[PDB]
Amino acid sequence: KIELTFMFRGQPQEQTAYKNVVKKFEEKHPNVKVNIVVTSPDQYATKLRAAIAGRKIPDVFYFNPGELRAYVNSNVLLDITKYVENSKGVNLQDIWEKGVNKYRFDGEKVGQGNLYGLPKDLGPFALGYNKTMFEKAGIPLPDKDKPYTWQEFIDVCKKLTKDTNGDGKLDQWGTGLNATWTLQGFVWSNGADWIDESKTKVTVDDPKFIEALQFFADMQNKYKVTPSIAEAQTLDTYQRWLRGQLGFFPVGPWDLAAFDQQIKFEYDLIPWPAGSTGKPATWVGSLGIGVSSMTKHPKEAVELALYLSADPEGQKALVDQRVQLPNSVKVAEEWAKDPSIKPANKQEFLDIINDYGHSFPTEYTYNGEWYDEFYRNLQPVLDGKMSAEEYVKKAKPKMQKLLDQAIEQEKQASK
């Protein structure tokens, strides 16, 4: 009798997993029908923005924690606090506190007060290595606790870069990192950030930031421990990792199902190499599951959001289908200890959540345009056509203008 629209995003294996779990929800609530709108991750923001602009908002949807305040200000997200309190069987205190608090807002600050969404997951972005390749090369395995230095990391990456079939041409590389998702840990571990502590000033022109960015670009262009520009164009580094051509590549929990299907070599997780702080760093991701402020069926919509985020049966299905780690802290701790489930050091995911994972800088700002500007024109640096020092000096005032505007627009939208 009652229809809900659920909008979300995912890689192919995520789409399959959530479609399955939505069917499980529909089996449990035979009166509720769920209509699915799903996109690829890169197409999502545009589609959701269009839907909000038209005020034709899906009943339940994924959203970016960095938009929480903006969404509250424009009355996009329903206050779901009472629906959550009033539903027996769920105790949000069993869920990662860092996850739940990203979607609390008390009228002035994020992290406390009323619930405007539920955490899809936490998404620690670990470093993986190809154990098969190491062992075939006779290189000592990485330590599971002690981070490589940047020099040590390049040194092993060079040893792994070789012509393995003796035809004259390199066919195996140390790594092939995507700056969009892996530059953060190098910047952070080098004691830098995109913005200052107050989150109001752009700081990409910090010598430590420049050093990190230049080191990143140098992996491809100077140290030559990656496929060439043209080789990455031919087949991207994610695909080359799947095919066993790369010694190191990141791993998120959402990758696990895809890796189960496609990766034939043995791989495991380690800390990221550490810069000047000697402490590894990476990001912990998250998406919120929100309910439309204008939903005609708030009780059921929240029941869907709860089934995906906190319900032990919905959660067990998602974890079983290998697209995320348990939202329940206890289930997660037990999961990590089970040696029948690989990677062997999946504990690293929890260490990231608990110890050395950070949030994306845009989670602290009212919108992310200032940060999108940094990446928009980054490619000449990565391709060795422009120095990191020259780019950040050019980008900084453009980023700063956009960040100032976000700060002002917050002031005007919250009145």
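Counting begins at 1, following the sequence as shown. Rigid core here is just the name for the largest C-alpha set that superposes within 1.5 Å across the two forms.
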{"query": "Greatest C-alpha divergence in 6 other deposited structures of this protein once each structure is fitted on the rigid core, 180-188 or 81-89", "finding": "81-89"}
{"query": "Mean Cα B-factor comparison, 283-291 or 300-308, giving the higher one as deposited", "finding": "300-308"}
{"query": "Which of 108-116 and 337-345 has higher mean CA B factor, as the PDB entry lists it", "finding": "108-116"}
{"query": "Residue with highest C-alpha B-factor in the PDB entry, from 214, 172, 182, 165", "finding": "165"}
{"query": "Of the residues 35, 377, 359, 365, the one carrying the largest Cα B-factor as recorded", "finding": "35"}
{"query": "Entry-reported Cα temperature factor of residue 130, expressed as the chain third it lands in", "finding": "lowest"}
{"query": "Third of the chain, ranked by Cα B-factor, where residue 20 sits", "finding": "highest"}
{"query": "Chain-wide C-alpha B factor ranking for residue 382, given as lowest, middle or highest third", "finding": "lowest"}
{"query": "Cα B factor band for residue 373 (lowest, middle or highest third within the chain)", "finding": "lowest"}
{"query": "Record-listed C-alpha B factor of residue 88: chain third", "finding": "highest"}
